[PDB]
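See below for the structure under consideration.
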Amino acid sequence: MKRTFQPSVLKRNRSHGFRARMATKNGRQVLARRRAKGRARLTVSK
Amino acid sequence: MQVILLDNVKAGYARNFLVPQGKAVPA
Amino acid sequence: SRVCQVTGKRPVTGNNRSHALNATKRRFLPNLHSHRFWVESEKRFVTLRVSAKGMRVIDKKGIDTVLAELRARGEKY
RNA sequence: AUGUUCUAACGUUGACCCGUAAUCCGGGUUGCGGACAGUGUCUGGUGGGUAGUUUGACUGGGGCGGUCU
RNA sequence: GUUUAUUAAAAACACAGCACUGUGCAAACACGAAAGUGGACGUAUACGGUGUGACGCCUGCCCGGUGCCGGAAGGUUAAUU
RNA sequence: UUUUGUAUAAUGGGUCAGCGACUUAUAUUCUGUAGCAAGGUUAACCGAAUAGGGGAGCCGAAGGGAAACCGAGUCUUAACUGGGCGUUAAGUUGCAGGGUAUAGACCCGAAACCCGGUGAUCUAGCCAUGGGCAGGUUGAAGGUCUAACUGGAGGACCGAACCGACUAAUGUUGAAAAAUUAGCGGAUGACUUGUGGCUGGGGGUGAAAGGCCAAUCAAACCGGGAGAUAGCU
RNA sequence: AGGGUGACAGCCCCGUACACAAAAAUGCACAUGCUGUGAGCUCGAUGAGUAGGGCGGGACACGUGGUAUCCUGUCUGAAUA
RNA sequence: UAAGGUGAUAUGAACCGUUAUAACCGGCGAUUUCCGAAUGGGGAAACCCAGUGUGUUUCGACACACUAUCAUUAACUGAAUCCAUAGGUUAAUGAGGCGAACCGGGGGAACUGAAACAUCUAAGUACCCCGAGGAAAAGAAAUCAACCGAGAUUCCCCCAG
Ligand SMILES: [K+]
Ligand SMILES: [K+]
Ligand SMILES: [K+]
Ligand SMILES: [K+]
Ligand SMILES: [K+]
Ligand SMILES: [K+]
Ligand SMILES: [K+]
Ligand SMILES: [K+]
Ligand SMILES: [K+]
Ligand SMILES: [K+]
Ligand SMILES: [K+]
Ligand SMILES: [K+]
Ligand SMILES: [K+]
Ligand SMILES: [K+]
Ligand SMILES: [K+]
Ligand SMILES: [K+]
Ligand SMILES: [K+]
Ligand SMILES: [K+]
Ligand SMILES: [K+]
Ligand SMILES: [Mg+2]
Ligand SMILES: [Mg+2]
Ligand SMILES: [Mg+2]
Ligand SMILES: [Mg+2]
Ligand SMILES: [Mg+2]
Ligand SMILES: [Mg+2]
Ligand SMILES: [Mg+2]
Ligand SMILES: [Mg+2]
Ligand SMILES: [Mg+2]
Ligand SMILES: [Mg+2]
Ligand SMILES: [Mg+2]
Ligand SMILES: [Mg+2]
Ligand SMILES: [Mg+2]
Ligand SMILES: [Mg+2]
Ligand SMILES: [Mg+2]
Ligand SMILES: [Mg+2]
Ligand SMILES: [Mg+2]
Ligand SMILES: [Mg+2]
Ligand SMILES: [Mg+2]
Ligand SMILES: [Mg+2]
Ligand SMILES: [Mg+2]
Ligand SMILES: [Mg+2]
Ligand SMILES: [Mg+2]
Ligand SMILES: [Mg+2]
Ligand SMILES: [Mg+2]
Ligand SMILES: [Mg+2]
Ligand SMILES: [Mg+2]
Ligand SMILES: [Mg+2]
Ligand SMILES: [Mg+2]
Ligand SMILES: [Mg+2]
Ligand SMILES: [Mg+2]
Ligand SMILES: [Mg+2]
Ligand SMILES: [Mg+2]
Ligand SMILES: [Mg+2]
Ligand SMILES: [Mg+2]
Ligand SMILES: [Mg+2]
Ligand SMILES: [Mg+2]
Ligand SMILES: [Mg+2]
Ligand SMILES: [Mg+2]
Ligand SMILES: [Mg+2]
């Protein structure tokens with residue numbers, strides 16, 4: 001049966017990548033929270 | 001609105017006609 | 001934004017109050033109008049978005065004084 | 001206080017000119033409307049479109065009926 | 001044709017067709033504090049809403065109630081004064 | 001444990017180990033105890049000072065009356081034979097404790113409400129751009145009133161791929177959180193499919209089932225208000 | 001003080017009390033140069049779409065109340081020693 | 001400052017140093033790829049693609065610097081349109097982004113409590129947003145008082161539940 005995760009690297013990066021996060025104030029707040037938490041991986045980019 | 005005729009009114013008569021057409025100035 | 005260029009009047013918030021004193025949030029907006037003001041010193045019309053109250057200020061103080069205040073506040077016209 | 005007429009506020013999602021490589025915007029010219037329309041404050045109406053809620057207890061289960069001083 | 005992905009595929013939904021009704025264009029209507037945008041680079045042989053549901057034969061009586069439409073004599077009635 | 005009542009065939013516990021529930025602060029009252037006593041005690045602050053200073057205050061030694069006011073009385077009433085409340089019981093500040101108040105207030109537990117974000121890689125609809133549909137039938141219009149021939153229409157027909165999901169059996173701690181097997185429907189269309197795009201939560205999208213919106217839907221998910229509240233267990 | 005050392009160290013070690021130290025940069029507090037700022041004294045002047053008001057709200061412990069006072073979206077509008 | 005040393009897991013190897021450029025510690029410097037505000041344009045962060053000017057060239061190329069946006073100011077240029085103004089270009093100066101709390105401001109819930117609930121409460125709390133500073137804000141009476149007087153603002157204890 002077809003499951004929910006159907007990977008596409010292009011869609012992944014456009015939806016959740018670093019530049020998508022940086023493009024809005026709320027996305028920049030995500031990055032600020034994840035830096036404050038000390039995440040090794042800020043985004044799906046890397 | 002008090003005006004000096006150069007050639008008491010309603011403010012709109014002064015504002016939009018008399019003063020721009022050069023027909024008066026405020027008192 | 002709904003801001004008078006002469007007075008700085010802008011939307012303020014308050015309540016609607018029913019007969020039963022139910023409070024619901026509302027705004028009070030300024031009575032704003034775009035108006036072409038004759039500036040005799042420049043032989044020109046200047047359009048300002050102004051409250052009715054701001055138009056009375058212009059009538060009292062004169063357009064030249066008001067535009068002088070606008071320039072000194074960084075208010076572009 | 002109603003009506004006609006007027007133009008100068010105001011409208012233009014008519015035309016043309018310029019900024020300009022631009023179908024946005026602004027300025028200009030002109031036509032058409034024109035103190036109307038429209039917007040602010042106040043105000044009457046309407047308003048399950050939306051919202052917050054209420055919609056009793058007793059009871060040989062509950063409801064219905066009856067009851068409540 | 002469509003539908004309750006995972007207990008219902010149907011008589012349900014849709015449908016061409018029919019009717020009522022709104023809408024003169026900056027349309028009605030819808031998304032939007034707004035600017036705007038869809039409707040439509042369409043213009044009443046068009047577009048929206050509603051109900052009915054190919055086709056055939058048809059679709060009777062009631063406008064008192066509730067809506068909607070039109071009216072404006074009179075009564076009542078807001079801010080305001 | 002809960003009950004009128006449980007060997008109960010009512011509840012809970014497989015066992016062990018570890019953890020797991022009446023607290024804390026500030027007010028207030030009462031008891032005990034200590035100090036001082038018609039007095040008791042200081043707060044902030046000053047002070048290097050657990051000292052010392054600081055008496056601002058607070059409680060008490062007087063009550064009655066709505067109050068003015070009067071005062072061991074006072075109020076009531078025009079006035080009491082009277083009547084009500086008082087007068088002839090030591091308080092106060094620590095320290096310990098019992099209770100109360102405000103706080104999560106003994107612990108654990110909702111369904112929900114609100115705020116800000118994240119989500120259309122599933123799915124619904126739409127947009128743009130590409131792809132797919134073996135094989136076999138039927139024979140519309142038209143062409144050269146009717147005939148022959150030609151012609152090749154269709155949400156046309158039979159049927160694989162492809163898209164579905166009507167029936168049955170199996171499976172039901174599965175091979176699988178929806179399948180397998182045998183049959184079944186559509187199969188040039190209102191078809192199907194790849195890639196990318198757009199619509200966001202009282203919101204979307206819906207040939208409408210309250211369907212679908214990431215195994216979640218009569219209001220998604222994540223974080224927060226938050227220890228919501230729980231007259232219940 | 002404290003820590004270490006083959007068990008518990010004043011005297012084994014590192015410290016501790018105490019006494020000292022800066023080429024360089026730099027904080028501070030003074031003093032003294034320099035740029036601008038311009039003391040003092042007579043004589044004036046004295047904040048207007050403002051105060052106040054009407055309407056709607058909000059803020060004040062104060063819920064419109066008998067409701068002072070403050071703010072102002074809207075319409076108005078003084079006297080100015 | 002020194003008789004030791006070349007950070008750790010982590011030994012070894014090859015070495016450095018022992019009277020002073022071994023190492024180590026501190027001050028001041030130098031270097032400081034790419035991404036990121038990211039700023040030459042673009043972009044699926046750590047990549048893709050330029051223009052301009054100098055200087056080097058062995059003619060294949062090569063090096064280095066500059067080129068965002070906005071605000072302000074100045075100069076020059078410059079419409080409709082006559083003067084002009086808008087517009088344009090260049091230069092200088094500044095900004096931008098990040099950061100736990102505290103601070104000022106713009107907006108602003110509901111659960112909950114009221115043993116239901118609407119006024120009221122929770123609370124101007126949570127949360128969102130803007131801005132600042134080492135603190136911020138406030139501040140030198142159109143203030144109180146009560147016929148006596150006090151003398152800006154802020155904070156603490158009382159007044160007083
Ligand atoms: K015109
Ligand atoms: K009008
Ligand atoms: K309604
Ligand atoms: K009974
Ligand atoms: K019974
Ligand atoms: K079926
Ligand atoms: K009727
Ligand atoms: K029982
Ligand atoms: K049972
Ligand atoms: K106690
Ligand atoms: K005691
Ligand atoms: K007595
Ligand atoms: K005692
Ligand atoms: K308690
Ligand atoms: K929701
Ligand atoms: K020792
Ligand atoms: K006023
Ligand atoms: K509430
Ligand atoms: K309750
Ligand atoms: Mg309702
Ligand atoms: Mg509620
Ligand atoms: Mg209810
Ligand atoms: Mg009952
Ligand atoms: Mg069918
Ligand atoms: Mg089903
Ligand atoms: Mg089925
Ligand atoms: Mg349009
Ligand atoms: Mg039907
Ligand atoms: Mg029983
Ligand atoms: Mg027994
Ligand atoms: Mg039994
Ligand atoms: Mg048994
Ligand atoms: Mg048992
Ligand atoms: Mg039980
Ligand atoms: Mg059990
Ligand atoms: Mg007394
Ligand atoms: Mg077919
Ligand atoms: Mg299906
Ligand atoms: Mg099958
Ligand atoms: Mg068939
Ligand atoms: Mg078939
Ligand atoms: Mg249903
Ligand atoms: Mg799902
Ligand atoms: Mg809900
Ligand atoms: Mg709470
Ligand atoms: Mg809880
Ligand atoms: Mg030992
Ligand atoms: Mg003054
Ligand atoms: Mg006043
Ligand atoms: Mg006022
Ligand atoms: Mg008043
Ligand atoms: Mg008022
Ligand atoms: Mg008020
Ligand atoms: Mg860039
Ligand atoms: Mg770049
Ligand atoms: Mg900044
Ligand atoms: Mg309640
Ligand atoms: Mg300050
Ligand atoms: Mg005096």
Side-chain angles (χ1 to χ4, degrees), chain A, chain B residues 1-3 7 9-24 26, chain C residues 1-4 6-63 65-67 69 71-77:
Chain A
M1 292 153 78
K2 189 187 199 167
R3 298 303 184 191
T4 56
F5 184 53
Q6 299 298 325
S8 162
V9 177
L10 177 61
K11 290 172 74 172
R12 186 163 188 72
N13 292 337
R14 287 181 174 172
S15 305
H16 313 294
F18 183 81
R19 293 182 61 72
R21 294 277 188 245
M22 289 296 294
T24 71
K25 79 92 173 162
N26 289 311
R28 293 185 300 261
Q29 277 166 352
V30 170
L31 297 180
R33 286 193 300 264
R34 293 178 73 80
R35 283 189 183 109
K37 201 181 186 190
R39 288 279 186 185
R41 299 162 204 69
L42 281 193
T43 71
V44 302
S45 301
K46 200 271 164 189
Chain B
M1 175 154 225
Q2 297 295 137
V3 292
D7 208 357
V9 292
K10 289 188 181 67
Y13 192 23
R15 182 187 306 116
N16 300 316
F17 188 63
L18 293 179
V19 176
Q21 282 280 350
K23 294 198 67 183
Chain C
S1 53
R2 295 185 176 102
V3 178
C4 175
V6 175
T7 62
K9 282 174 169 288
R10 61 171 55 235
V12 295
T13 62
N15 293 318
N16 301 298
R17 286 285 186 168
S18 64
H19 297 167
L21 273 65
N22 306 110
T24 50
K25 280 288 190 176
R26 66 165 294 179
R27 324 175 78 202
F28 296 83
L29 304 191
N31 184 19
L32 294 181
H33 300 281
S34 170
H35 190 269
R36 285 164 50 248
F37 290 95
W38 178 244
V39 49
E40 184 67 67
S41 305
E42 293 167 53
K43 301 300 297 186
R44 198 173 64 114
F45 280 101
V46 170
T47 304
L48 296 179
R49 194 178 190 185
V50 63
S51 55
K53 186 264 179 53
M55 292 179 81
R56 297 179 68 242
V57 170
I58 290 163
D59 292 0
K60 178 163 176 170
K61 294 193 188 174
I63 188 61
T65 307
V66 169
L67 291 186
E69 297 161 3
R71 293 196 298 287
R73 293 187 293 110
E75 183 62 58
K76 300 303 300 179
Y77 62 79

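Proteins get letters first, then strands, A, B, ... in listed order; numbering begins at 1 in each. Hydrogens, waters and symmetry mates play no part in the numbers below; they use all other heavy atoms, side chains included.
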Counting heavy atoms from C-beta on, name the nucleotide in [options] closest to the side chain of [X].
X     : options                  : result
A:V30 : F:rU118, G:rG49, D:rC42  : F:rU118
C:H33 : H:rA109, D:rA8, D:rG38   : D:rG38
C:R17 : G:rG57, H:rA44, H:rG36   : G:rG57
C:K76 : E:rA34, H:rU72, G:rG58   : H:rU72
A:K11 : F:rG196, F:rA215, G:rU76 : F:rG196

- prompt: Ignoring hydrogens and angles, are the base of H:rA46 and the side chain of A:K46 linked by a donor-acceptor pair under 3.5 Å?
  reply: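 Not at all, since no donor on one side and acceptor on the other fall under 3.5 Å apart.
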message: For a quick check, tell me whether the side chain of A:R12 and the base of F:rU121 share a donor-acceptor pair closer than 3.5 Å.
response: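 In this structure, the two groups form a donor-acceptor pair.
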In Watson-Crick or G-U wobble terms, both distances under 3.5 Å, what is the partner of [N]?
N      : value
G:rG10 : none
H:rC59 : none
D:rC42 : none

message: Students often get this wrong, so: under 4.0 angstrom with heavy atoms, is C:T24 touching a base, only sugar-phosphate, or nothing?
response: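 It contacts nothing in the nucleic acid.
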query: In terms of the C1'-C2'-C3'-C4' torsion, is H:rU58 a north or a south sugar?
result: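 Since its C1'-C2'-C3'-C4' torsion is negative, the sugar of H:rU58 is on the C2'-endo, or south, side.
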- prompt: For F:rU170, does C1'-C2'-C3'-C4' say north (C3'-endo side) or south (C2'-endo side)?
  reply: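 F:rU170 falls in the north pucker range.
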- request: Measure from the ring centre of B:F17 to the centre of the six-membered ring in the base of D:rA8, then say whether that distance is under 5.5 Å and the planes meet at under 30°.
  value: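 Stacked: centres under 5.5 Å apart, planes under 30°.
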Counting only side-chain N and O atoms of [X], is one of them less than 4.0 Å from OP1 or OP2 of [N]?
X     : N       : value
C:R56 : G:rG77  : yes
C:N31 : D:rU39  : no
C:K9  : G:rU74  : yes
C:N15 : G:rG57  : no
A:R14 : F:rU121 : no
C:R26 : D:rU41  : yes
B:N16 : D:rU7   : no

query: Where each residue is assigned the nucleotide of RNA chain F containing its nearest heavy atom, which of A:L10 and A:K25 is assigned the position nearer the 5′ end?
result: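 So the residue in question is A:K25.
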query: Considering heavy-atom distances to RNA chain F, does A:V9 or A:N26 have its closest nucleotide positioned more toward the 5' end?
result: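 Looking at the nearest nucleotide for each, A:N26 comes out on the 5' side.
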message: Distance check needed: D:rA9 P versus C:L48 CG, whole Å only.
response: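 These atoms are roughly 16 Å apart.
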query: What do you reckon, is CZ of A:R34 surrounded by more than 12 foreign heavy atoms closer than 6.0 Å?
result: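 More than 12 heavy atoms, drawn from other residues, nucleotides or ligands, come within 6.0 Å of this atom.
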